[PDB]
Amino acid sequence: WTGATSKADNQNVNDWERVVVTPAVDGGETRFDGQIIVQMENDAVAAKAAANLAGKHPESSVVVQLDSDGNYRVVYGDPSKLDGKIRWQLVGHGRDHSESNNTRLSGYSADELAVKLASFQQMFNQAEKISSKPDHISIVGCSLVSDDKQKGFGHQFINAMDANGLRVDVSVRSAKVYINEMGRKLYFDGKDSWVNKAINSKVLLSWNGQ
């Protein structure tokens, strides 16, 4: 399991596909007062997974599509309701690329991603006339990748974010997709198959401040 084999389509946000959000009928409870869900590539799995996350908390979630140039569009929700400390969820495919140890999320190394998000933080709040900053960032991979490469990117990302002026807690996990004809939520193996895993793994990194 080495994530998606395709090339990340992360350019020209205005040409991306949009998915309708449907309010989850058993949403649940959440810590956060609100959240921004950032879809980082034009991919059907990512677009749907992003919409599914927003569905869980339809009244307090904002879905944003964001390309490599820093351009974005709000495809769901009301950013004006975002205030204070919130959650970010990043949705895309993890990919291992040949000549390096590391992994990349929607085309970006952890450092490149941190630079773009720090820029997005500045631009988005000013454009939308709001005062918000992430308290926690959840990385939601749409392709199955091993536990260790998940942990590796997470550690790189949380340090890179801090070097760009944003100290946030970071979690990393793989998303499941409900497969209607199979009637089950399954993981995409990054290539051509759905995978049923009995056990889900999630790593949570947090600043101690000690």
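Start at 1 with the first residue shown and count on from there.
- For the pair 36-44 and 141-149, the mean Cα B-factor is higher in 141-149.
- With 107-115 and 87-95 compared on mean CA B-factor from the PDB entry, the stretch scoring higher is 107-115.
- Highest C-alpha temperature factor among 197, 202, 191, 18 per the entry: 18.
- Ranked within its chain, residue 184 lands in the middle third, by CA B factor from the PDB record.
- Among all modelled residues in its chain, residue 58 ranks in the middle third by Cα B-factor.
- For residue 173, the recorded CA temperature factor ranks within the lowest third of the chain's modelled residues.
- Ranked against the other modelled residues of its chain, the C-alpha B-factor of residue 163 as given in the entry falls in the highest third.
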